[PDB]
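Below is one structure, written out as structure tokens, with a few remarks after it.
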Amino acid sequence: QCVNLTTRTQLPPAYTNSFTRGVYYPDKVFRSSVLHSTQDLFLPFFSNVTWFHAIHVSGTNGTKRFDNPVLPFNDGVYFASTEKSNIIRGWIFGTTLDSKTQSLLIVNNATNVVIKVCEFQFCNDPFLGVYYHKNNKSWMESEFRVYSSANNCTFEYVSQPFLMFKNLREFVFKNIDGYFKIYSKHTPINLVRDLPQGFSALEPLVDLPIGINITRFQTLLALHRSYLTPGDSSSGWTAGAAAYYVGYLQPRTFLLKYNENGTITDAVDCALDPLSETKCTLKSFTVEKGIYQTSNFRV
Amino acid sequence: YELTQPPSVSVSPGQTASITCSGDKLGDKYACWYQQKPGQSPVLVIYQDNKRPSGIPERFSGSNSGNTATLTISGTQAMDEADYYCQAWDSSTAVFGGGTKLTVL
Amino acid sequence: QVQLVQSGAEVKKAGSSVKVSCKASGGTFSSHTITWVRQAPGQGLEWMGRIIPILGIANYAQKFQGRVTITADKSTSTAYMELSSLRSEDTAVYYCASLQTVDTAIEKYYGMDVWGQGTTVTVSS
Amino acid sequence: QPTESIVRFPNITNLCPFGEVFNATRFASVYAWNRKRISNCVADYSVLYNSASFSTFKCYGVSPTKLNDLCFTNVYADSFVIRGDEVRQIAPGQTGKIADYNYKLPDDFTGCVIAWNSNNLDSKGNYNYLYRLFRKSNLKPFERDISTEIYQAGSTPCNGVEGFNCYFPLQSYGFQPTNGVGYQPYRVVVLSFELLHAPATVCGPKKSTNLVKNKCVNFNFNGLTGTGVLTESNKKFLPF
Amino acid sequence: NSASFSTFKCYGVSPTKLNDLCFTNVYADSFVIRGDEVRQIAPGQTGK
Amino acid sequence: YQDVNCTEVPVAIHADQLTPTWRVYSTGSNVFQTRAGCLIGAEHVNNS
Numbered sequence: 001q002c003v004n005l006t007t008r009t010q011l012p013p014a015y016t017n018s019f020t021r022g023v024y025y026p027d028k029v030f031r032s033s034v035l036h037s038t039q040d041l042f043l044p045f046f047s048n049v050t051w052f053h054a055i056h057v058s059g060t061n062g063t064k065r066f067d068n069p070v071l072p073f074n075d076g077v078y079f080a081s082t083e084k085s086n087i088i089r090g091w092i093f094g095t096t097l098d099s100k101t102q103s104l105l106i107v108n109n110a111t112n113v114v115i116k117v118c119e120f121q122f123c124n125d126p127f128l129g130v131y132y133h134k135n136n137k138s139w140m141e142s143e144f145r146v147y148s149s150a151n152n153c154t155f156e157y158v159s160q161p162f163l164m165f166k167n168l169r170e171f172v173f174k175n176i177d178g179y180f181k182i183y184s185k186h187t188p189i190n191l192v193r194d195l196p197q198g199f200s201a202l203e204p205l206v207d208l209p210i211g212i213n214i215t216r217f218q219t220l221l222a223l224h225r226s227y228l229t230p231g232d233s234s235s236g237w238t239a240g241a242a243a244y245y246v247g248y249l250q251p252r253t254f255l256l257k258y259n260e261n262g263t264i265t266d267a268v269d270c271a272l273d274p275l276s277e278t279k280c281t282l283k284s285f286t287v288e289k290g291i292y293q294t295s296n297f298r299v
Numbered sequence: 300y301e302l303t304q305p306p307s308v309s310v311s312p313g314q315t316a317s318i319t320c321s322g323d324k325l326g327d328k329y330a331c332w333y334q335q336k337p338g339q340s341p342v343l344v345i346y347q348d349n350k351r352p353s354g355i356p357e358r359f360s361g362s363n364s365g366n367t368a369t370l371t372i373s374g375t376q377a378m379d380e381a382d383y384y385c386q387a388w389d390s391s392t393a394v395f396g397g398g399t400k401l402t403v404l
Numbered sequence: 405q406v407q408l409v410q411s412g413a414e415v416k417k418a419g420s421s422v423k424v425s426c427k428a429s430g431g432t433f434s435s436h437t438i439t440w441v442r443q444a445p446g447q448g449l450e451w452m453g454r455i456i457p458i459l460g461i462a463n464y465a466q467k468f469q470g471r472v473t474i475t476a477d478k479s480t481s482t483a484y485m486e487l488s489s490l491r492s493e494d495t496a497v498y499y500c501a502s503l504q505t506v507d508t509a510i511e512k513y514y515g516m517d518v519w520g521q522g523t524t525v526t527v528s529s
Numbered sequence: 530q531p532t533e534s535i536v537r538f539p540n541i542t543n544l545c546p547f548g549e550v551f552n553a554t555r556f557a558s559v560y561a562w563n564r565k566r567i568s569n570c571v572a573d574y575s576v577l578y579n580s581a582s583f584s585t586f587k588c589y590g591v592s593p594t595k596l597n598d599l600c601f602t603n604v605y606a607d608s609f610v611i612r613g614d615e616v617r618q619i620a621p622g623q624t625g626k627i628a629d630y631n632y633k634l635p636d637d638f639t640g641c642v643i644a645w646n647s648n649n650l651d652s653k654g655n656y657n658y659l660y661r662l663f664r665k666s667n668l669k670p671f672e673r674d675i676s677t678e679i680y681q682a683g684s685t686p687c688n689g690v691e692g693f694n695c696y697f698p699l700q701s702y703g704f705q706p707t708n709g710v711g712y713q714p715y716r717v718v719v720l721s722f723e724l725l726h727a728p729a730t731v732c733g734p735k736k737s738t739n740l741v742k743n744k745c746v747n748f749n750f751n752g753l754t755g756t757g758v759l760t761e762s763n764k765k766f767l768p769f
Numbered sequence: 770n771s772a773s774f775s776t777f778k779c780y781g782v783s784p785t786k787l788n789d790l791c792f793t794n795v796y797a798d799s800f801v802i803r804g805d806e807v808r809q810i811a812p813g814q815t816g817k
Numbered sequence: 818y819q820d821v822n823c824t825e826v827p828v829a830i831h832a833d834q835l836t837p838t839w840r841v842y843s844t845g846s847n848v849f850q851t852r853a854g855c856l857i858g859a860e861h862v863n864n865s
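Those protein sequences? They're chains A, B, C, D, E and F, same order as listed. Reading the first sequence from the start, the letters are residues 1 to 299 in our numbering. Reading the second sequence from the start, the letters are residues 300 to 404 in our numbering. Reading the third sequence from the start, the letters are residues 405 to 529 in our numbering. Reading the fourth sequence from the start, the letters are residues 530 to 769 in our numbering. Reading the fifth sequence from the start, the letters are residues 770 to 817 in our numbering. Reading the sixth sequence from the start, the letters are residues 818 to 865 in our numbering.
This is how it looks when you write it as structure tokens:
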């Protein structure tokens, strides 16, 4: 089922800035008109987030360079899709991802999210093969070009698919004390440039008691067979720009502001800069003229 | 489910040929057409709805109507001599019709 | 890429067990459902069934109910079948083709991308 | 004072097969232990401590008596078998071959631990039951790992190679009733759950009552007791 | 890592932390007692 | 920074584990030393 779509020279930086994102509800308790300070894993404000494209259409006639490397987990990942043709269909997690330990698999098909924290190997380029079914864009079915085994399979889960203008999606992955929680948020953005000049909350969706070890992860991409070449050398596919982001979470304290409706309107980091830190120690989003003392929060 | 088509069809070269593959509830069933030449194995020229796989010249086209599937031929040549079979994957099974033999003067 | 090269024509007596197979020699044996269609002179094409190697689920046709025993093993990377109770009228040319998918409801997503050269069978009586 | 008490609980009447968790013929080994999520289950913890078939109900988290009037979210159970003299060694942090090499409970654990004797179930002498006897590195709480490496009997390291200062130390099992208490395998099942007050699908055998609004009452929602006046609000709660 | 010692519970310091300090002066007392009296050997516990 | 030498700020801050937003506060042109400590981010002016 697997192929070898790997022949290129990687561009190491491939990153941009994330202005104000990654804030998610840390608990299941409703609050309103109150500012709460929550010490938890979070993405930094104005952080550096990877900007992998994975589809570099450039040149006189263009090309379909493929790039979905494996990324370290580092005790938390923030992910976004901002797709237009619904071509990102889940993720892969594990320690070494080759018949050693349990590995988590996520696939988002039409009406079934497939979860498999089970022991099986992943090739160097796991992906998904999808076709439009006569261009009707209704059946839109996929393929298992992701793995080749299901040995010693432990956990499974199925429910309504996570996937339902640019359609900016945001996900937060956190493997803490044996509980894997996937938070999510759907937001449309008109601008086709990088992340918007705005803020939005990020709700939880489902918690998984996988209880495994995760150190590296990879993204799954749905690809369409543009042409079938005779003597198949893993012919190039087409999905379109495969534009996804990656963020890294760290343990810090944020101040979360709730409105009357209970939705988060804005948040301020306690380590971004002294001004934002001064807001935390005062537990207020407005700081009057004067001089204030602040407590250390660095690692 | 049952396929009945004319035994044969004849048309002058360079003309537009229309072939009808009639049956029972074949519209909204996404029929597919194949091609077979004398002395050569069958090849895929129309896939999943009048769709032409890569490496095939832009000569075969058509549309699927309410209860009929039609194939239009453009730029007919001498080497177009072949037999067309229209089939569909119905009820987890494939049904093959009698097929039509194209004749060119 | 699959060539689906198979054996040539065979001569055998009537009423004997018939064994035919196609070997790929090209792409991976799995990831491509293998189906067979019978070609006969002045009788159209006949579909009997298909087998998915990796899934191992085989579907039969209405007229071929119980007269075929289809098996496929990944270790041998070959698909072979046992045919019996064959009459002279059943004699025809058998073909084998791939379908690019290995799932039951997904065979609708493709046509027969590749065919075989055709192995004619003659029955001697 | 409140006029009356109101209890509102989820409506569940389906009993999921706890026997598969307790009466199961075969339990997973301690090194590779099995976890079963219990949800939408009519939990009845009162059929365990008073049952005449079990004689060991050493709970650790909370009082088992008050478990029949609580609503729980994402209840979990784990089943494994130890040699038996390690039952006392299940404490949060101990020196042994299972506290850090097979199973580790977190210090902030909220649940009960269930064990019982398995003499006729694992000993007769049947020596075909096996479990991990040694491991090298430690593990984090609620973590599993499978890896077999030969213990170094001397200075020279032997990784699956028979040679000098390295031979076969393993011996066949001797499970028999003659062996004293502690050597016989004990079937151990631990109930794990959390009370972080999320939506709950597991609740005790408590019958709900009708709701009365706009009156000082002694309410009890999902085991959250309290007193106050119940009314309606314009605020909207998210589905979670 | 040895199964010979079936009762190894430290009082003033965690057993795992023993491998973090070098002592140069430790008083080791060895004697044999009945098994039922093993619990009796503890800081400030009454017993025969 | 109360009673902190201006020259010792980079060592004290442990710059190896700080975000760039704080690094800009360890060096630059708007660094001034006062008897109350080191002041960074304010431009000293002669006028009273």
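Even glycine gets a Cβ: it sits at the ideal position worked out from N, Cα and C.
Under the three-state DSSP convention, the category residue i falls into
i         : result
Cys280(A) : helix
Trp91(A)  : strand
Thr594(D) : helix
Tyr513(C) : helix
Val287(A) : coil
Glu357(B) : coil
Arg840(F) : helix
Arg442(C) : strand
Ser159(A) : coil
Min CB distance residue i to chain A below 9 Å
i         : result
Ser364(B) : no
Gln850(F) : no
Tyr842(F) : yes
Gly520(C) : no
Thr824(F) : no
Neighbour list for residue i in chain D, Cβ cutoff strictly below 7 Å
i         : result
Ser773(E) : Per Cβ cutoff of 7 Å: no residues; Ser773(E) is ~12 Å from chain D at best.
Residue-chain proximity (residue i, chain B), Cβ-Cβ < 9 Å
i         : result
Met516(C) : yes
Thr523(C) : no
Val441(C) : yes
Amino acids of chain B, ordered along the chain, whose beta-carbon sits closer than 9 Å to that of residue i
i         : result
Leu223(A) : Simply none; closest approach about 16 Å.
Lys100(A) : By Cβ distance, chain B contributes nothing, its closest Cβ being about 39 Å from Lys100(A), past 9 Å.
Distance between residue j and residue i (C-alpha atoms, nearest Å)
i         : j         : result
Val117(A) : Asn631(D) : 20 Å
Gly453(C) : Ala501(C) : 11 Å
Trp519(C) : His186(A) : 46 Å
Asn597(D) : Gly733(D) : 4 Å
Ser584(D) : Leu753(D) : 32 Å
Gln197(A) : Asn17(A)  : 12 Å
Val710(D) : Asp614(D) : 8 Å
Within chain A, the residues that residue i reaches when beta carbons sit closer than 7 Å
i         : result
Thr505(C) : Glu143
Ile510(C) : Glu141
Closer than 9 Å to chain E by CB, residue i
i         : result
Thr624(D) : yes
Closer than 9 Å to chain D by CB, residue i
i         : result
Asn788(E) : no
Within chain A, partners of residue i - CB distance below 9 Å
i         : result
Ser434(C) : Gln1, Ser148
Beta bridge counterpart(s) of residue i as assigned by DSSP
i         : result
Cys779(E) : For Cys779(E), which the question treats as bridged, DSSP gives no partner whatsoever.
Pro251(A) : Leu41(A)
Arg31(A)  : The partner list for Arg31(A) (beta bridge, DSSP) is empty, contrary to what the question assumes.
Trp645(D) : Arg716(D)
Any chain F beta carbon closer than 9 Å to residue i
i        : result
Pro44(A) : yes
Contacts of residue i in chain B (Cβ-Cβ under 7 Å)
i         : result
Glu450(C) : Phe395
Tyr498(C) : Result: empty, since nearest Cβ-Cβ is about 12 Å, beyond 7 Å.
Minimum Cβ-Cβ distance from residue i to chain C less than 9 Å
i         : result
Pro352(B) : yes
Partners in chain A for residue i, counting only beta-carbon separations shorter than 8 Å
i         : result
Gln347(B) : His133, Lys134
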